[PDB]
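Heads up, the thing below is written out as structure tokens.
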Amino acid sequence: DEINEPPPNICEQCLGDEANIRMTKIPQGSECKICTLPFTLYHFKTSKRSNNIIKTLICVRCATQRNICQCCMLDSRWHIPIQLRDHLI
Amino acid sequence: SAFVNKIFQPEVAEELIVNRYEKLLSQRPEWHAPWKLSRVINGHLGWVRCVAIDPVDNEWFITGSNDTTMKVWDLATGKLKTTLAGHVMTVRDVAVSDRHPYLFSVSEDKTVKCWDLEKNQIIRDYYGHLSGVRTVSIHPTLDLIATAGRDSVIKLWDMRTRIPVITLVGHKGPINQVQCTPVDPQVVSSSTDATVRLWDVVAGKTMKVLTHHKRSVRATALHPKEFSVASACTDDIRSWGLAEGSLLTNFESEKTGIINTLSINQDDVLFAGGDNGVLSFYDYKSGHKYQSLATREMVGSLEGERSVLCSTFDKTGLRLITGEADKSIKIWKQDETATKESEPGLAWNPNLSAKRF
Amino acid sequence: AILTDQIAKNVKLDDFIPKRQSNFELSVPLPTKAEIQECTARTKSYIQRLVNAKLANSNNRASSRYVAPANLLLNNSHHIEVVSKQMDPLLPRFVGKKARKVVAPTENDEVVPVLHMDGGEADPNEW
Amino acid sequence: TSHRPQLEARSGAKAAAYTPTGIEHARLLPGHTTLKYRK
Amino acid sequence: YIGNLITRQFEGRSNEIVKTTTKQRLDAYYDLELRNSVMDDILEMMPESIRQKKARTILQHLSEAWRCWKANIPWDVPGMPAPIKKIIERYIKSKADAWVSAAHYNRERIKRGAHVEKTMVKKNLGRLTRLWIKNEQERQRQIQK
Amino acid sequence: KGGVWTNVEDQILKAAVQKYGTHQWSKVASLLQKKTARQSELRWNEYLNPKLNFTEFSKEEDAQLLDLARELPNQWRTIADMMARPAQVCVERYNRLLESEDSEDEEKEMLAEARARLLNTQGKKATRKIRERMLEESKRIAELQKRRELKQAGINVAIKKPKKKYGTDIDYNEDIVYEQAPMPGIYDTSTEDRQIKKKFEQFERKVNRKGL
Amino acid sequence: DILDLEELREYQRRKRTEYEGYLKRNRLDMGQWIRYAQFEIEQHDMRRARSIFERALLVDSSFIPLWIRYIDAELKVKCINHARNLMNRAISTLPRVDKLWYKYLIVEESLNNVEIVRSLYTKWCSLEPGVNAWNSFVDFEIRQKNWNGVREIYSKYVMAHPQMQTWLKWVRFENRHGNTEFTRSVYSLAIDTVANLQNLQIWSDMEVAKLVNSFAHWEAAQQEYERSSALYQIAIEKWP
Amino acid sequence: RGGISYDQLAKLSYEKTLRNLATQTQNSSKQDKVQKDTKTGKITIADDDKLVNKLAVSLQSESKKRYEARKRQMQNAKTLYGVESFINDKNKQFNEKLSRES
Amino acid sequence: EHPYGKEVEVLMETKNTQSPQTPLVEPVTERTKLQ
């Protein structure tokens, strides 16, 4: 479904401390790092005066199947890497 | 009776083979007047593969055929009005629109074409079927058409913009017949994988898969009233209740063998044209085969030529236009001045040996 | 009778049996006029939104002729404005779009019971 | 061998999962953009 | 044009190229639809237990019947089931009606000189010489009977 | 130059029709040196066909023949179809019935050529595929024994993978190809999964040591 | 022959490239699927070997040799709970097919799980399949000596197949055991149901004659000739 | 006469396996549960380790017998007939099929 | 003589009785024009 798409899964610590964040949507932006298949690239900055653009690297389906955010790819709960998560379980 | 329920004490009191059987004998089918041949029209150079009636004002019908040409026939006199060439292979299905002056026709040449009936020219061609297309059905009150064919998919076409808007992917074989209903399920389809699907076109998935036929479900037909579809495999005809996908009734089609077409009347008469030439008329609400006719081919043709390929009733429902493999168009009249007496039809006699019910 | 349900749960006898066999005058009503309109306006709005997706994504300039921000994230801990980037008209729009081919998995959660009837099965060597 | 009859046709199920190309065909250009409705 | 050329550079060509029918591939597509219609009607007459092997052998009697028709040889297979022989003769006559009517239609084009392909002039010569002898052999039997 | 038929060429022609069929007469003449496809077709349709009728003359046949040759005078191809017999035999007996009123040195080489051509059925494409498959396995056998002889010297060199033909070419060894996992079942295959993994890991440990 | 694991790893790539090539050209040809699925069992990798049978079932799930071979593949490697899930999906997809039901039974027969074949047969005889299922279900309880249970089956078996060769099978059961009080109770139930359900017209004239005669010749062996004699009068009057 | 339908042949092969299972219980005589999970809906059945081995070995042994019976039938099929001329095994195999049709 | 038994009308049609440009559906022209 190209007209019915889930909202992006991003961390709270990726978004940072500010309240309102201006995020840019590109409907077929880059292709996923994992599945190599295109998606809607969201990218944003933490503050207005920052100097680092934080891109969404993976698609929402690859982010759902792993339960990770799209930007830093840490687990959505516990905020740990995948390799450490599957070792703790 | 009550003896069966007090001795052979059931848990359902309907799911016995006897309690189902006594209710069939407790009920009588509606009488319907028999059918006879009234006019034979010989105009095509090949088989007549599909017949469509004018849904408004009922003056003409059109028969797409095996000689790649559609001919328009006047319903009353039977004369030839015009010939519509423009396919290069056999015209497989023809649908006329009620809300539009548009004629849609598919063929085995992978083409779906529209026809401006105010101009009698091809406008608005459609593109995307991987193989030959077998059926058309025009959606009532949405300006779609539904086509399907050997590609095992149903492409739902926008009329105006000619776009394959929705493709419905569920089948496993070539789709033989497709229907369009105004509410969910809006598309009813039947294919050679012995399934009948009920489609949710907004989600693009199947509401209900009907796996009751054994062989290729070659023909379906929508009931003009009472909101039901009847599907015909190669012997068993089953009426289906839409919006639940329920098996309403199981007809008495025994040794019918390969039913090539179905058409349902306003007066609850279900026609079943078979390849063997034997054409049979059923009570729709009951399933009783009340008349079984056989046709005569021509002066000289093969014995395989005796086969009904396509059929429809007119808007009044008192005429049955069937196109057959002997290059002929036969019009079947339900005869007046027959009563319940002197023309009873076949006797209502269900059996336990056939497990149909 | 230790596991009575857990054998062949998806198939019942009620699916085999017809419903008009108990009464020939069972009413299956046509859809009401208020019901066809609730379905038409849902279908027509869904398909017009699909045609506008196909026309806007085409590279033809003569296709706009024929034709959601402030979403919540992190259980609404962050209100996030969603905007569009002004594309360069010379760079290829849809940079991740290629002509690639994908095989698709089948989602089989429930088995569909193939509900034939039992068995007129005697046959000589005629076939 | 090498010259075979079809056991099955190419299904539209396979082309449905592919990613589109958006190439502009001459026969998909806009034409007859207005439908005619019956009285 | 160049917009299709550049997007074919950046994206590659589509994999879903569905070929329309043409004069080039009309005789080929006619046979693919004729073999599917015969394979359907026989697979429905079968009582049970028919697979991709048994559907594969029965379609060769279709090809053999068409060669016997063109040769004006009577096609009679000993032990052929009479419903299945009824199906094949129904479609051999169906293909014969297209075969003969295309020979009448193309003959009228060659007399008008109205753009007949060089191969089709050799094909129409080969069709009429079968029709002329098939009419000749039938005329021989009517004198004999 | 018009030759007579030896019994060698007679047997080659019978075996040729047995394979090629009755309509491929230029196929038959290719085996049959010094003979024409017309001559081959003419002999099989006048002499060598076992359907033909070379036997004695019953008195029904003689009365029928003298009937037909009187009613259809001198139309022997017509009479031979009414008698269901060959034609010059039918003339030969009509000639005889009225007289009742009286008052390896080369051949075997052709046969060796015919014997091989009938028993080789493939063509260019299949014989070539055979050659390429035998040469591919010969390259495979060579590269494996190379690795073993280097392993005799202790120096380990891995097997090279086949080169990708196209972009998304699949290494089937690399991953479970299109993993259609079984549908989730109620009967709880938990101890069974442990025992296969242990048995499969045990199997991989055996292959490194004893070598299958 | 293969020496080490790296030669095995190159051997497995060559066959799996080969078999996946012929299955890509031919989605069909179920025999080609099984020979590649049997290849993966020989490589002792059952995770792959389950996958080919699952992929082959997505092409043609109505092909019965494919179901039996994948079930047998789970049984030969002692994965019994993988087989129970698989035969459950076999009978839930194709309930008509008798082979798939008898496959579930003789495995649970082989494991001496008498309560699972009994639960299986109760479901299978609820879908009204035919006389081969019931007759194997009354033969199952004779094995288990459950005489009270097999008498409950014939109570249901005559209601699923109302015909005299199911009623007379139940009196051949009772006269095999010689219980006189139970046999005439079945005989009284069989002849009343013909009288009670006379109007339905499901027993023919030759068919009801087998019930009256087998009732009478049993009463002749039970030394009560006056009951043998009187029933002939009621049957001739009841059916003239 | 006729062939045997797949309902009867399923029944007959069912009965042969019951008789063979009966003699295995007879020979074992002469020579001498269900727990459903709370957390999940998964069900657990206690089994002996025997009778699972015995089923698996029997299925293997029946496969061996049918393999070698067909293999010996292969041996007879290519050693019996030698009258008609052929080219390969597949020729004689197809012309045995034509002899079966007569 | 002719088959099907004299109640049935058999007709052989080899030519069209309409012109090809004759509209099969009459166009909806509401306002009368005098141009």
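Every chain is named by a letter (A, B, C, D, E, F, G, H and I) in the order it is written, and numbering of its residues begins at 1.
Here is the rule we use: contacts are C-beta pairs under 8 Å (C-beta built on N, C-alpha and C of every residue); 3 or more make two chains touch, one makes a residue touch a chain.
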The chain pair with the larger count of contacting C-beta pairs, comparing C-E against C-D, is C-D
Among all other chains, pick the one whose mean CA position is farthest from the mean CA position of subunit A.
I
Between the Cα centroids of subunit H and subunit I the separation in whole angstrom comes to 69
Please tell me the distance, in whole Å, between the geometric centres of subunit B and subunit I computed from their C-alpha atoms.
26
Subunit E to subunit I: how many Å between their CA centres?
34
Do you know which subunit D residues sit against two or more other chains?
7, 9, 13, 15-16, 18-22, 24, 30, 33, 38
Residues of subunit B that touch two or more other chains sit at 101, 118, 127, 129-131, 150, 161, 174, 355
Specify, in ascending order, the residues of subunit E that touch 2 or more different other chains.
3, 7, 11-15, 32, 36, 48, 52
Show which residues of subunit C lie in contact with subunit G when the two form their complex.
1-4, 6-11, 13, 16, 106, 108, 111-119
Of all residues in subunit F, which touch subunit H in the complex?
15, 18, 118-119, 121, 186-188
Footprint of subunit C on subunit B - complex, ascending:
14-15, 20, 23-24, 27, 29-30, 141-142, 144, 156, 158, 161, 163, 165-166, 182-184, 186, 194, 201-202, 209, 211-214, 225-228, 236, 239, 241-243, 246-250, 285-287, 354-357
Listed in rising order, subunit H residues that touch subunit F in their complex are 37, 40-45, 85, 87-88
Tell me, which parts of subunit G touch subunit B in their complex?
128, 155, 158-163, 189, 192-193, 196-197, 199-200, 202
